[PDB]
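See structure below.
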Amino acid sequence: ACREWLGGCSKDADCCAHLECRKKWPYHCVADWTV
């Protein structure tokens, strides 16, 4: 299982899902993928 939204990320490839690693601290996976 990979990280969820508002889950802790260290990098994009560590965030796994269709979530980006935050560009703000604390770096948590955010659903800013909305295309």
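Residues are referred to by chain and number: the chain letter is A, B, ... according to the order shown in the structure tokens, the number counts from 1 in that chain, and ligands are numbered separately from 1 in the order shown.
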Which residues in chain A does DSSP call strand (DSSP E or B)? List them as an NGL selection string.
:A and (8 or 20 or 28 or 30)
Would you export the selected residues with C-alpha atoms as a JSON list (two decimals), in the first residue's frame, please?
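And here is the file that came out, out19.json:
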```
[["chain", "number", "residue", "atom", "x", "y", "z"],
["A", 8, "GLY", "CA", 3.85, 11.95, 4.52],
["A", 20, "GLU", "CA", 2.22, 15.15, -5.63],
["A", 28, "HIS", "CA", 2.70, 15.60, 2.58],
["A", 30, "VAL", "CA", -1.63, 16.58, -1.72]]
```
Compile the contact shell of residue A:6 as a ChimeraX atom specification: residues with an atom at most 9 Å away, counting only C-alpha atoms, same-chain residues fewer than 3 positions apart removed.
/A:3,9,27-31
So that I have them on file, write out the residues from the current selection with N, CA and C atoms, as a PDB file, in the first residue's frame.
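Generated file (selection-v4.pdb):
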```
ATOM      1  N   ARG A   3       1.223   5.716  -0.017  1.00  0.00           N
ATOM      2  CA  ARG A   3       0.735   6.817   0.788  1.00  0.00           C
ATOM      3  C   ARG A   3      -0.614   7.318   0.299  1.00  0.00           C
ATOM      4  N   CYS A   9       5.148  12.469   2.543  1.00  0.00           N
ATOM      5  CA  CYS A   9       5.912  12.157   1.346  1.00  0.00           C
ATOM      6  C   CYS A   9       7.338  12.664   1.491  1.00  0.00           C
ATOM      7  N   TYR A  27       5.964  18.382   4.095  1.00  0.00           N
ATOM      8  CA  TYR A  27       5.794  17.779   2.787  1.00  0.00           C
ATOM      9  C   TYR A  27       4.918  16.535   2.867  1.00  0.00           C
ATOM     10  N   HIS A  28       3.634  16.714   2.615  1.00  0.00           N
ATOM     11  CA  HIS A  28       2.702  15.597   2.582  1.00  0.00           C
ATOM     12  C   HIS A  28       2.000  15.545   1.233  1.00  0.00           C
ATOM     13  N   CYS A  29       1.639  14.342   0.812  1.00  0.00           N
ATOM     14  CA  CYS A  29       0.983  14.132  -0.469  1.00  0.00           C
ATOM     15  C   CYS A  29      -0.334  14.894  -0.541  1.00  0.00           C
ATOM     16  N   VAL A  30      -0.430  15.788  -1.512  1.00  0.00           N
ATOM     17  CA  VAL A  30      -1.633  16.582  -1.718  1.00  0.00           C
ATOM     18  C   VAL A  30      -2.259  16.256  -3.066  1.00  0.00           C
ATOM     19  N   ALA A  31      -3.571  16.424  -3.151  1.00  0.00           N
ATOM     20  CA  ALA A  31      -4.319  16.060  -4.342  1.00  0.00           C
ATOM     21  C   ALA A  31      -4.332  17.210  -5.338  1.00  0.00           C
TER      22      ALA A  31
END
```
Quick one: DSSP alpha helix (DSSP H) residues in chain A, as a PyMOL selection string?
chain A and resi 12-15
Would you mind listing what lies within 12 Å of residue A:33 as a list in words, with only C-alpha atoms counted and same-chain residues fewer than 5 positions away left out?
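Those residues are residues 5, 12, 17, 18, 19, 20, 21 and 22 of chain A.
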